[PDB]
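Worksheet: the structure to be examined is printed underneath.
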Amino acid sequence: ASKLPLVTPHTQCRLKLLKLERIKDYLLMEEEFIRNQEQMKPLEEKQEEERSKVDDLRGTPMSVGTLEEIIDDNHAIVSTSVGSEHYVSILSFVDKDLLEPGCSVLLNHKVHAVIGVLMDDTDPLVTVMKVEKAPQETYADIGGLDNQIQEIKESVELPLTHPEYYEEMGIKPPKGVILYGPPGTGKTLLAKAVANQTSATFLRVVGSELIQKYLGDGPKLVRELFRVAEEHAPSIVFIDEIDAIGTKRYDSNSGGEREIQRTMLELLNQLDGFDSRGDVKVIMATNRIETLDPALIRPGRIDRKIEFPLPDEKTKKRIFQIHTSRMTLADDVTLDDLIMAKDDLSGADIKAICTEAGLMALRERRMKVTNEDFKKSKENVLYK
Amino acid sequence: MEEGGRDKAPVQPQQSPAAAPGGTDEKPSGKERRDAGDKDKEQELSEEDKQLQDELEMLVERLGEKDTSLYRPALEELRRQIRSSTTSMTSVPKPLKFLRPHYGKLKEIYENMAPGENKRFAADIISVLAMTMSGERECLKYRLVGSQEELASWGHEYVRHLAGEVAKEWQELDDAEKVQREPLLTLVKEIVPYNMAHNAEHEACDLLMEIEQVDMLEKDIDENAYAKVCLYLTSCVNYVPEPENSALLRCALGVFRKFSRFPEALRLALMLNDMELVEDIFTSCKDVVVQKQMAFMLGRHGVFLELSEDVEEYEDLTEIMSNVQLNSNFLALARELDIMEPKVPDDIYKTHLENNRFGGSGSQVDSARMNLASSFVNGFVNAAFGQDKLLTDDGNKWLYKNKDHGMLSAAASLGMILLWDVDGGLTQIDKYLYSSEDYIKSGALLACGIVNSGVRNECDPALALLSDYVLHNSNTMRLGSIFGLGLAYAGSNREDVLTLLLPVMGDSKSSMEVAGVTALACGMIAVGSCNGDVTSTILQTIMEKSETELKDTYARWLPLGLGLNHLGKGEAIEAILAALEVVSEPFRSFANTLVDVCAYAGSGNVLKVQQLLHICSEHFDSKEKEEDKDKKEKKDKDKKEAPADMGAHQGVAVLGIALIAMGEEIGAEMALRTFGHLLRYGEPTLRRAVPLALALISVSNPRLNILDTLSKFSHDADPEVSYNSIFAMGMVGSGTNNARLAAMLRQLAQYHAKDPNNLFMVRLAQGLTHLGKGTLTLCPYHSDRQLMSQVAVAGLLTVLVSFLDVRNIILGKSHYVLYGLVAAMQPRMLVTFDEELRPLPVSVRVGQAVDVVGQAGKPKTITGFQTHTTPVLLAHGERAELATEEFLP
Amino acid sequence: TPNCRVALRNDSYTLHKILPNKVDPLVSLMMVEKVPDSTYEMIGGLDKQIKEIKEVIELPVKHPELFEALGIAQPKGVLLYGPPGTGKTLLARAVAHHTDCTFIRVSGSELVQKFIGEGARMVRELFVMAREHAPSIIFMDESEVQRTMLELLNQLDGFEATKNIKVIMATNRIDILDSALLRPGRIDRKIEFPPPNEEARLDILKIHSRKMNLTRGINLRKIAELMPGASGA
Amino acid sequence: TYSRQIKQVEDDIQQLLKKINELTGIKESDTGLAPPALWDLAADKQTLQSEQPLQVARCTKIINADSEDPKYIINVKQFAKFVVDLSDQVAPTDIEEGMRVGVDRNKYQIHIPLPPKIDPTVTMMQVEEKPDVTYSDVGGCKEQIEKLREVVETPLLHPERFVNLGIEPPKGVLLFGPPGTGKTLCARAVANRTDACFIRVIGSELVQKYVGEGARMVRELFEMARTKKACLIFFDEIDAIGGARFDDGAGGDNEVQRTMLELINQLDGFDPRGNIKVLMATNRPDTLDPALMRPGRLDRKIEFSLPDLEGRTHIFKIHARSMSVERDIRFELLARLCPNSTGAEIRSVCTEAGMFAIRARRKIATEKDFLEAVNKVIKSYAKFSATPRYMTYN
Ligand SMILES: Nc1ncnc2c1ncn2[C@@H]1O[C@H](COP(=O)(O)OP(=O)(O)OP(=O)(O)O)[C@@H](O)[C@H]1O
Ligand SMILES: Nc1ncnc2c1ncn2[C@@H]1O[C@H](COP(=O)(O)OP(=O)(O)OP(=O)(O)O)[C@@H](O)[C@H]1O
Ligand SMILES: Nc1ncnc2c1ncn2[C@@H]1O[C@H](COP(=O)(O)OP(=O)(O)O)[C@@H](O)[C@H]1O
Ligand SMILES: [Mg+2]
Ligand SMILES: [Mg+2]
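This is how it looks when you write it as structure tokens:
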């Protein structure tokens, strides 16, 4: 039960013999120590006697109150659910430690004295923003990039899995990572691969839903966001499409662009607060890297800037090989004709043509996908 | 299921061993050549430790086991070659041919004959050959033979050499961490007669390796912290010749054979003092070894370096005696006046600030016993050369007011002002000595015995405290004149002034408050010989303690100096010498557990602890032996303090659990002392658990037990953020916890931790876990606080200056001849290396690096850089010579 | 059960009994909205569009393995488009009615808001009720709808593991929506809804003329010729 | 050799820990109670003593007194108001008007005064705790450090050299420059060195939903600032809390301007904060209102510019001291290669240049590793660089 942290001898050596046999000595002494209590203590039982005595102190109508201050000599001002508030005292089975301003407590029904504290069932927004399971397959699903993969493992994964290199180097990891390029080139996809890979708690928020309809609710949402991200452990915060805070204007926003601006001010703090930040990693992505404020883009707030180019054809054929792997491909087709059909197709375009061609197969109930499926498929996808 | 096809090994080893009784008689070639093909194929096809699924080793013995039992025993004409082909094949799978009762019958194949040169088919293979089989030999077979049949037949004589070539086979194959399996052979082989195997592998260990001396060496001290009595007796004297015969590290001798000093042989460490005085190299390691012999773990040595070559290295002994003691002065003279420490810090009484405004008004606490603690505004903060010129007026104007033991207290504070001094400490006493007062003169001359602590020069062999002693017809002109002499000469083994203090015991004077601390003076001097001391104690114990039924003045004081007269050995002879000495009524048999367990300061012999907790556990005790069970609980406070850390969390998971919460008297009255006898280390697992039962007062009991654990709770040194927990307890201590008996005690508690800033390493664990006597000087106060009647009159002789073996704080020290280098240090957490891959990662707290004399802390291990290599002693010892060397381009 | 009413004595607050089952926050929601529940039998001449929508919605519930026979991922997004009054709402209601899925449209209203949360600072809080009625379909009308759909698809692009949840947006004039929504990997199928011809005006007269008290001999062909294709409304 | 013998004898005592730690009583993991071995002294006494004699004493708020008689006027949270009385245990002195007091439920009389309401979202931005940034780490701007530090701490550490000279030291100071220049990092050294209440304020936190709601947070902030002896108030990104009043037609951004005006009135006009020192920090100072730019509020106007050469070399010595490098490199060449750069960018060159050593297999970076850092961070990331339109502060 969290008895001792020194576990380092690791082998059949004798620090373990003397030390594990030392707590073993004090557990023979502990067992025969407590053995005299059940041997020669018939006065009270104390396993439930004094427990039932506490349960006879506290009444059955256990009211739930709220903390707003603390005075140390076991009395404080607590608020009832009505709003009228008291100056009750605090019991001695209330282990004054989980008492913060705003905490849910248990009061008496009669004199409303502080009986116990209450575990919080938590805000649903944490479960809203928390990614639970692994999204999809690994980095082998990606293909073609092979350089920025080393960059992202370099900035995120290798600091996590090997915290030896940076200490023999005498260095800290690079802080901020941003992603940019043309749309549909794998920016979200690589983040799915990282969410597959890591063991840190992973958070994802769309940049569009940063904006609000009430005044200051944006920056309050940012503050409680980084509260949530900090209060866990070594985590990863992902933000997609942060240009959308600057591009579009919506009529739900009661403030103008001079509320969006203040939201960017509070975020601009929360990347680079004077406070000790902690073990929080930030991964950002957009396709309009030129629109936003470069004060958010400076090194110190974002260190590594990673461009995603359009696929060259050699890489394209690899992507065809990926998205046509487990499908019953008829031999009629030639992928090299399908490569140069569009000069600047994205990685999403290939998967769109493959899936839509499979839909053309399931129109005719067949099992293999033929050439004219691709011939009308590129007409369906590309041209409209 | 892919069976058949390649099944040659379940067919031809199924047929030819089956036709081997049909091919032994009347077929002379098929008996032996198929046995040769049964030996090289089972040999070569099982040498590899990657295919542990051999094709015969789990296959042939469905028929080959009964064929073996009808092959080796049922043949009866076993000749000279067919034993080397038979018992080399039938001996390899036999720990897995048989089931778990193989252990009595490893010999029905092997003892017929050990075939030849058994390692020839055990060269490449690590432990699947027979090393597991030889572990099965030494586990059960050598235990049953060598229980009372050590000097024996083939089961010992060849087994020495089999257990020699297998033991060198551990240091033959790889130099892996299977090397450390060899003490698991050398220990489990002949557990009590460990000498005969350590002779068999000590010279093989001499020819083994020099790089394999460091982890084998810490392997042997890695048992030799503590053990069973005979294992600690034999393995520690076998521990010594490894840095002398094989290795030449040769500088960690005295601090690691202080272990091997007391229980083994008192002349063994004297012969190792001779081994110190043989290796006469030059001056660095020779200096550093004999540095620790004065004021780091022992004394009684300053008559042994007067040989015929007194120039500088045999003239080292005076430098050991007082010049590096003057370097311990030079700590606060040069290297603590620069950092923070002013002439009068004074600001902790200033830190008692805002009780005038914490909810109401103030100027209400006007108790006269508050000035007993306001004397420690002068007393506690003036350690480490905080000398005062007309800033002792809080003891001067209280010195002439009332409180006669306070006239003892303010004059007694001057010794705590001038500590580790010889230069002017006798002169700072005389400016307040002359007052014609039996209190002022005995407190101040009692502080004369405090100033010279660790000097043992001409200060008072018979000079000052003999003149203080010879006045006596009355109070302190009798008492305080022996305690400063036992305190000052507590590190000495001089017999003459011990015999000057022998008629103090043999006086049979009615001054019982003097004759009680007479044992607390003479017990502090010697721990070995002079049974006439124990005779003089027990004769007054019979002449005074037998014809009475009174309080703990006898019990807390008279046998405690006998525990200090017989401290520190596991031999269990002294328990016969003293437990059969006061065979008596049980209130005089209070001393049954004194000398029995005071000899057991650090070990593990838990069979002592079952006779420490099963005789008198509680028994509901209707006011009969609660004090004897509080002393039976008092002797639970050793066995724990230096046996290498690992014990604190379960000590608090014992005594924080079932006496203090679910006991009657032993817990609620007494059982908190363990947390001020084991520790002053500091961890939240009990520092945040004792004010859980202490912040509540529980006034039903004799409430100065819980308030007795208030200041004691605050006993913990290495000052911390505990000003919240103690300042809230004294702020509620303003109204509650009434000031008529504890106004000395609350500010005693507040001033105890951070009286100064430094000087707190008093916790009996030096280097790694060496003793350094944190028991003869720390003991009589924790023994002294059991009942009461000593917070006001009698125990004020003890509550001031009880523990005074304060062997400083720090280890950041250069000690070059010029004193020009600073350091190259890097303080961290306690060590993490026992073995890992290669360069054993030492510890994990890389983020800090200093170069100066700065603070120590307990769980710290300090290394460096710059290619300095620390070539002096390397382990620990806080006075590395720190020379440098540059064969590293 | 959590979120259940009880009876309760008052003097000691001892738990007394277990009343009914209250009401699911979604049943209240659809009761507020009151979509005009529909079926295949009130569809006027949209049969090829029915054959389209069966392939995207009907098939990946009854046969999810059938796409694993082809190694392709199941579609998740449907865009419907055409002029108003052309059966979008009854079609999307009808398909969910016949495949037995919880037809949940979002409007962004604030009477809806109290059944979603106290503030529900995202749109994503709907997904608790969605995966609680997990075989369900999300519906949308005609820029806040357009960002809303992006916030849905960015979740079920792979970040949500619960299946059988699909979205449907219906509008007109497909060029004026977002090009990021027009990224070709995003939308799975787009279906045009034309104005009715002389054939498809006739059967809506047939179906919708059922519940009237007629007179024998009507010649609705002439009337469907007289209406030059306004819409189905 | 004793492979299972240490295993099962290890395991039955590691289990036998729990097998009697159930007999202790640590179990029945709670919903908010405490361990059984703790409060055991409020077991029979305070269970009947902190409960059965001890009241509830509901807390209220005073409206006013009246003359010649106590006859106080109370006010409570929702209910009515009363004519109430003292207890005998209180003096009539500290029952001043506008005060919260503890009041019994039956006679409705006053037992103890209370501290006022603090609105603990203001208490959240009290820092309680200090960072670790040393003035050693803020190298390159030594005279800015000195000219700041003489305003910040010298009256607080020595309030006699200003009194015996006979001057009032200045009370307000703002800090401004391009981003990443060391402004926030410079404030962390002040919060490191000081001792008084360091109450931080980030300006975007004051944007509230209601009308005038942020102004009450300003008022409570300066009230608890006035409660202390000396206090330090930190401001950050005050462009959000106000640029200037510009309003026309449809009144926009008014709610920010009312908060900014309340900040003006709390800074000056009718009894000065006294022993309260403020400290602002912005990116662009051009937008700020001139009445806020008036001295008496913003007396010191410390510039943070780019380091000339030697400040840069000193910054290389700061961010480069604690990493395994080739010994015989020079930094002066690198500071020649960085004309216009921030300490953030210099730090990124250091922390990137270590990663170049981590690329292949080495342990100590080289001069050409530094050269691989310079063209990347400066010249490859030179497309954005964030600096030039902030040099003109637009
Ligand atoms: N290099 C690639 N290899 C394989 N698939 C790819 C590649 N690039 C993109 N894709 C496919 O394109 C789809 C869209 O990917 P993703 O959303 O990550 O691109 P994006 O740039 O993030 O898009 P957006 O710009 O809309 O955010 C993915 O499901 C992925 O399967
Ligand atoms: N003189 C300097 N010495 C060392 N490091 C510096 C210096 N100036 C800036 N830096 C580095 O730049 C980073 C940014 O510091 P800081 O947050 O104070 O920037 P700033 O000037 O406040 O601009 P912003 O408002 O954008 O943060 C810090 O992490 C620090 O490491
Ligand atoms: N093919 C059809 N058959 C029957 N009714 C139709 C048809 N098309 C449209 N309607 C009528 O149009 C109305 C629904 O319009 P719809 O297209 O579903 O939504 P919207 O017009 O908002 O896109 C209903 O009242 C329905 O009766
Ligand atoms: Mg994407
Ligand atoms: Mg800043």
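Chains as they are written, first to last, in the deposited numbering: chain B, 46 to 429; chain f, 1 to 889; chain C, 109 to 250, 267 to 357; chain A, 40 to 433. Think of the CB as a built atom: it goes at the ideal place given N, C-alpha and C, for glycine as much as any other residue.
Enclosing alpha helix (DSSP H) for residue i [first to last residue]
i: residue 895/f; result: This structure does not reach residue 895/f, given that chain f is present from 1 up to 889, and the question cannot be answered.
i: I221/f; result: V214 to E223
i: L326/C; result: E322 to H332
i: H198/f; result: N195 to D206
Extent of the continuous beta strand (DSSP E) run through residue i
i: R113/C; result: Element bounds for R113/C: n/a, residue is neither H nor E.
i: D70/B; result: No beta strand (DSSP E) contains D70/B, which is instead part of the alpha helix (DSSP H) from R59 to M85.
i: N288/C; result: Looking at the DSSP string, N288/C is not in any beta strand (DSSP E), and its letter there is neither H nor E.
i: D275/A; result: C270 to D275
Buried versus exposed, by CB contacts within 10 Å (16 or more), residue i
i: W170/f; result: buried
i: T99/A; result: buried
i: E276/B; result: exposed
Contacting residues, own chain, Cβ-Cβ under 6 Å from residue i (five flanking each side not counted)
i: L787/f; result: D552
i: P10/f; result: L59
i: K314/C; result: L187
8 Å Cβ shell around residue i - same chain, five flanking residues per side excluded
i: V267/B; result: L255, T308, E311, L312 and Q315
i: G252/B; result: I284, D285, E286, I287, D288, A289, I290 and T331
Other residues of its chain near residue i: CB distance less than 7 Å, five sequence neighbours each side excluded
i: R113/C; result: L127, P128 and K130
i: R200/A; result: none
i: residue 931/f; result: Because chain f in this structure spans residues 1 to 889, residue 931/f falls outside the shown range and cannot be described.
>> List, from N- to C-terminal side, the beta strand (DSSP E) runs of 3 residues or more that fit wholly inside the region 225–295 of chain f.
In response: none
> Around ligand 4, what residues have a beta-carbon under 6 Å from a heavy atom of it, in chain order?
Replying inline: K232/B and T233/B
> Quick one: complete beta strand (DSSP E) runs, 3+ long, within the region 148–203 of chain A?
Replying inline: 149–153
>> Restricting to runs no shorter than 4 residues, where is the alpha helix (DSSP H) found entirely within the region 553–630 of chain f?
In response: 560–563, 574–579, 594–598 and 607–613
>> I'd like the ranges of any alpha helix (DSSP H) spanning at least 4 consecutive residues and lying wholly in the region 308–369 of chain A.
In response: 349–358
> Which whole runs of the beta strand (DSSP E) in the region 343–405 of chain f are 3 residues long or more, in chain order?
Replying inline: With a minimum length of 3 residues, no continuous beta strand (DSSP E) run stays inside the region 343–405 of chain f.
> Which full runs of the beta strand (DSSP E) of 3+ residues lie inside the region 159–189 of chain B, going along the chain?
Replying inline: Runs of the beta strand (DSSP E) inside the region 159–189 of chain B: 159–162.
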